[PDB]
Structure formats: structure tokens, C-alpha cells
Amino acid sequence: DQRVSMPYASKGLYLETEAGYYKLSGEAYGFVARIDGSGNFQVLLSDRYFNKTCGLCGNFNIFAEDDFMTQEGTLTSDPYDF
Amino acid sequence: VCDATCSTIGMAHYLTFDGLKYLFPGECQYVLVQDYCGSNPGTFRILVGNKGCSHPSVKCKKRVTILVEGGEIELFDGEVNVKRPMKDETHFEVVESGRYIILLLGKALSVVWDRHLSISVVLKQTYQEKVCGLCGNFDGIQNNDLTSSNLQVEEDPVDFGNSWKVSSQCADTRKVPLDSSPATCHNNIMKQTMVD
Amino acid sequence: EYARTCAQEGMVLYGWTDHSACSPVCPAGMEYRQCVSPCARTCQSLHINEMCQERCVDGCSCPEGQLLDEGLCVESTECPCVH
Ligand SMILES: *[C@@H]1O[C@H](CO)[C@@H](O)[C@H](O)[C@H]1NC(C)=O
Ligand SMILES: [Ca+2]
Ligand SMILES: [Ca+2]
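All residue numbers refer to a per-chain count from 1 along the written sequence rather than necessarily to the numbering of the entry. Residues that lack coordinates are not shown. Lettering of chains starts at A and numbering of ligands starts at 1, both following the order in which they are written. Keep in mind that this is only part of a larger assembly, and the values describe that part, not the whole. In computing side-chain values, all of the structure's heavy atoms are included and hydrogens and water are not. Residues with missing side-chain atoms are left out of burial classes, side-chain pairs and their counts.

Method of determination, as given in the entry header: cryo-EM; reported resolution: 3.29 Å.

## Quick word on the overall build of chain A
Secondary structure summary: chain A contains 0 helices and 4 strands in total. Strands are runs of DSSP state E lasting at least two residues, helices are runs of H or I lasting at least four, and both sets are numbered from the N terminus onward. For chain A, the α and β elements follow one another from N to C terminus as β-β-β-β. For the radius of gyration, the atom set is restricted to C-alpha positions; the globular benchmark scales as 2.2 Å times the number of residues to the power 0.38. Its C-alpha atoms give chain A a radius of gyration of 16 Å, more than 25% over the compact-globule value 12 Å for 82 residues. For chain A, with 82 residues in total, the buried portion stands at 23%. Under the scheme applied here, a residue whose accessible area is under 20% of the maximum for its type counts as buried, over 50% as exposed, and between as partly exposed, the area being computed with a 1.4 Å probe on protein chains only.

## Concerning the interface of chain A and chain C
Listed per partner, the contact involves 8 residues of chain A and 11 residues of chain C. The buried area of a pairing is the accessible area, by a 1.4 Å probe, that goes missing from both parts when the two are put together, added over both. Surface buried jointly by chain A and chain C totals about 710 Å² across both partners, of which 52% is contributed by carbon and sulfur atoms. Looking at the side of chain A facing chain C, the largest losses of area belong to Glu18, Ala19 and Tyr21 of chain A, adding up to 52% of the total buried there. Counted as a polar contact is a pair of N or O atoms within 3.5 Å, where, for protein atoms, one must be capable of donating a hydrogen and the other of accepting one, and residues adjacent in sequence contribute only when both atoms are in side chains. Taken together, the links from chain A to chain C amount to 2 residue pairs in polar contact. By definition in these notes, contact holds between two residues if any of their heavy atoms fall within 4.5 Å.

## Looking at the state of the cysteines
Residue and element names in this part refer to chain B. In plain terms, two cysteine sulfur atoms within 2.5 Å form what is called a disulfide here. Under the criterion given, the structure shown has 9 disulfides over all chains. At a sulfur-sulfur separation of 2.0 Å, the disulfide partner of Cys6 is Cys135. With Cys6 in the segment before β1 (14-15) and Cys135 in the loop between β12 (132-133) and α1 (157-161), the pair connects residues that are 129 residues apart, well separated along the chain. We note that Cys6, like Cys135, is buried. A sulfur-sulfur separation of 2.0 Å characterises the disulfide bridge that pairs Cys37 with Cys132.

## Details of the coordination of the calcium ion (ligand 3)
Residue and element names in this part refer to chain B. Donor atoms are limited to N, O and S found within 2.8 Å of the metal ion, a distance that becomes 3.2 Å for Na, K and Ca. With water left out, some sites might look partial. Every protein donor of the calcium ion (ligand 3) is accounted for by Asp18 (OD), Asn137 (OD1), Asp139 (OD), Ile141 (O), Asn144 (OD1) and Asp145 (OD), and the metal-donor separations fall at 2.3 to 2.7 Å. Sites are called tetrahedral only when four donors show all angles between 85 and 135 degrees, square planar or octahedral only when four or six donors show opposite pairs over 155 degrees and all other angles between 65 and 115, and irregular in any remaining case. Angles of 62 to 145° at the metal separate the 6 donor atoms of the calcium ion (ligand 3), which places the site in the irregular class. Taken in sequence order, the residues that donate to the calcium ion (ligand 3) follow the motif D-x118-N-x1-D-x1-I-x2-N-D. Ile141 gets classed as partly exposed once you look at its relative accessible area, which sits at 45%.

## Notes on the UniProt feature "disulfide bond" in chain B
Residues and elements named next belong to chain B. Per UniProt, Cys37 and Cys132 form a disulfide, and the coordinates bear that out, putting the sulfurs 2.0 Å apart. Here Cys37, found in the loop between β4 (33-34) and β5 (48-49), pairs with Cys132, found in strand β12; they are 95 residues apart in sequence, far enough to count as distant. For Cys37, a relative accessible area of 24% corresponds to the partly exposed category. Given a relative accessible area of 8%, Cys132 falls into the buried group. UniProt positions are given in the numbering used here, feature names are shortened, and annotations may be inferred rather than shown by experiment.

## Section: the environment of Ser10 of chain A
Within the secondary structure layout, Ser10 of chain A lies in the segment before β1 (14-18). The spatial distance from the C-alpha of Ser10 of chain A to the C-alpha of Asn61 of chain A is 31 Å, given a sequence separation of 51 residues.

## Quick notes on the pairing of strand β4 (residues 42-45) of chain A
Residues and elements named next belong to chain A. For two strands to be treated as a pair, DSSP must find no fewer than two bridges joining them. With 4 bridges joining them, strand β3 (residues 31-35) and β4 adopt antiparallel strand pairing. The residue bridging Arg34 from the neighbouring strand is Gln42, located in β4. Between β3 and β4, which pair antiparallel in sequence order, lie 6 residues; one of them, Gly39, sits at a positive phi of approximately 110°.

## Quick word on the sheet that holds strand β9 (residues 93-95) of chain B
All names here are of chain B. Reading across the sheet, the 3 strands line up as β9-β10-β11 and stay open at both edges, with antiparallel pairing between neighbours. Edge strands, defined here as strands with exactly one partner in the open sheet, are β9 and β11 (109-111). Each strand of the sheet is rotated relative to its neighbour by a mean of 15°, with strand direction disregarded. Relative to β11, strand β10 (residues 102-106) runs antiparallel, the two sharing 3 bridges. Residue pairing for β11: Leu103 is matched across the bridge by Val111. Angles here are taken between N-to-C directions and fall from 0 to 180 degrees, while the axes themselves are lines fitted to C-alpha atoms, restricted in helices to the stretch in contact.

## Details of the coordination of the calcium ion (ligand 2)
The expected angle between donors at a tetrahedral four-coordinate metal is 109.5 degrees. At an octahedral six-coordinate metal it is 90 or 180 degrees. Residues and elements named next belong to chain A. Within the protein, the atoms that donate to the calcium ion (ligand 2) are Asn59 (O), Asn59 (OD1), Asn61 (OD1), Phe63 (O) and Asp67 (OD), at distances of 2.5 to 3.1 Å. Positions of the donor residues of the calcium ion (ligand 2) along the chain correspond to the pattern N-x1-N-x1-F-x3-D. Overall, the relative accessible area of 52% leaves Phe63 in the exposed class. The exposure class of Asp67 is partly exposed, given its relative accessible area of 21%.

In C-alpha cells, the structure reads:
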């Protein structure tokens, strides 16, 4: 809850600005986030979680149809209740 | 004149050549020492990079990237790694004797690494004020080891190392309120005396 | 989005915003380049090279000169010092 300044680098999380756009790097933990001026979240993530990370950006598999596996684990046809 | 020796005692301290302990908790990547300083060729550019190391803990794995003879050999997580072999492989040498990684690079350069944190670069008579960086200038004069990149002496070393970081848009560290007790020992007088 | 999605796959595209009549927003002094290096040579910087072999990234950046200093582009002559 304490507002900090920027940039910021604690706990292996460099919180930087690149190309006038804000960045959050976690290369130890294998991810790089960022945002643009308008607001467009982006998430770069390694190959280490291939068939691991299940969530709202779906699994990191090859397929694209089966990447709605709910918090229970259920292939759903709706992109909404998921 | 004898062979001087930097060091990185613990997580966040630095011992210069002429001999000057000072405090610098950083988190960005920093220039430990180099030769490209003002009016010289710029042969070697040893760097150091820390991650999560403003408060010393079981964390703070270092990353060391050393740039000599157009090469790129670097080390972290126990082993060394070559990213770009340098031209004159003749002077190259690596001696994994005991705890250490002794590491020659020429007639007038050497490095040591205890596999965990310590960085102790060792120079010869050759330079005698040809370098700069965190470890200072290697001149014998001990109070001019705070000559920042903008060519002046500072007094508060937390502002010194902030000049020497590589990524000029990452975080400059925060001036801590000085006190003889760090975070945990602060207001925990009992524990302080078992460590003392 | 379609620009970046193709860029990530190993095949970049160029200059598409020239005629598209839409450029993504950025603060003053900069506009949207494409494939600028992340290691933007700024003003209070150490002249070091061939460590930033990172991949090339999209985003707005300064003109040819006009180095960066605290969130704005400023001409190389007026580089300050610090104490
Ligand atoms: C993925 O993981 C699941 C279980 O997590 C496993 O049943 C399956 O064989 C794996 N293969 C693919 C393509 O994800
Ligand atoms: Ca998928
Ligand atoms: Ca000195």
C-alpha cells in the first residue's frame, strides 16, 4: 500500500520504462510484462511453462482450441464463463 | 608497488584498490571496474550485476560479465559461461582450485570468485591510474576513490554508484537513514548482542 | 495487435503506420518507431557496446540525436552533469 517512486528493482523484479513504455521484468522467474501509453497489457513468458500456466491467457501449448481449461479443469465452449 | 585487490565483502560492500570500505546497496547492473576512462583505449570492461540485493539475504545471486579482447565470458549460478570467445585465447586460463575460480586474462589482470558472492579482481604495476569505476582509480591516493563518472569527488557513496550503473533508466537506490542497527536488529537489542 | 503478433513469430513488418492514419500514443518528443533497440543510448550514459545483444523491440523513441534525459528528448549539446 506504500506508493514508491519509479524505477524500482526489489526482489529480482526490475520495474523499468522502455521506449517510453513501462516494463516489469522477472527473468529469474521467467516473465516480462509491460504496458503502453493507451493501456495494453502484454506478457512475455519462457518455454519453461509449456503445458503449465493455466489461467486467463490459457496454457502454453501448441494447440489453440483446448486452451480453455478452467480452474477445475474443464474444456468449455464459452470464452466468457471461463 | 604491490598488486592491489578489490573485493565485495558480503552482499553490499566494496573494498577499493587503495583501500576504502564503503556501503552501496544496489539492484541494477554496475561497473565494478574498467579501462575506458576519459582518454584511453578501453581494453577491459569488467561489470557486476546484482538482483534482489538491497537487503542482504539468502537471495542476491550475482551476475558477472567481463568484456576483454572483444570477448564475452560471464558467470553465475556456480559455473562460468562463454558467450563470445576472445581472439587471443593464449592468455586465457581457468583454474577451478578449491572453493575458487581463479581466472587469468593477460599479463596484468586476474579475477577470483568464491562460487557464491566474492569478486576480487587483481591488477599489476602496469596501470597506475588507468582505470575507474566502483573500485576507484588505482593511484595510491585513497580519498579520490569516489570520483564519479561525471569527474568529481562525492561524499555519500550511495550517490557514487548510482552514477556507474549501466541501464540509465533502472532504479537508483534510496538514501537509507543511517543507524548502527539494520532492519531486523533495529529495535531488537537482544539479537544484536548474539550477533555482536 | 496484428503487427506485434506477426513480429513475435520471427517475421517483423515495417512502416505500416505511415499510411494507416493511426499512431499509438506516446508523450512529447517521441513518436512510434518500429524495432528500436531497448538499450537507448541516453545522456548520462557510459559509452559501452556489444553487451546489448537483446532482441529488437517496438516502441516510441527519440529522434536521431536528441538524447534522453528524465523522460524527455533533449539535444546532445545540452547534456548536464550531476552531483
Ligand atoms: C499436457 O499436460 C496434461 C496434464 O497436465 C497431460 O495430460 C498431457 O499429456 C500434456 N500434453 C500436452 C500436449 O499438453
Ligand atoms: Ca493454448
Ligand atoms: Ca584512489
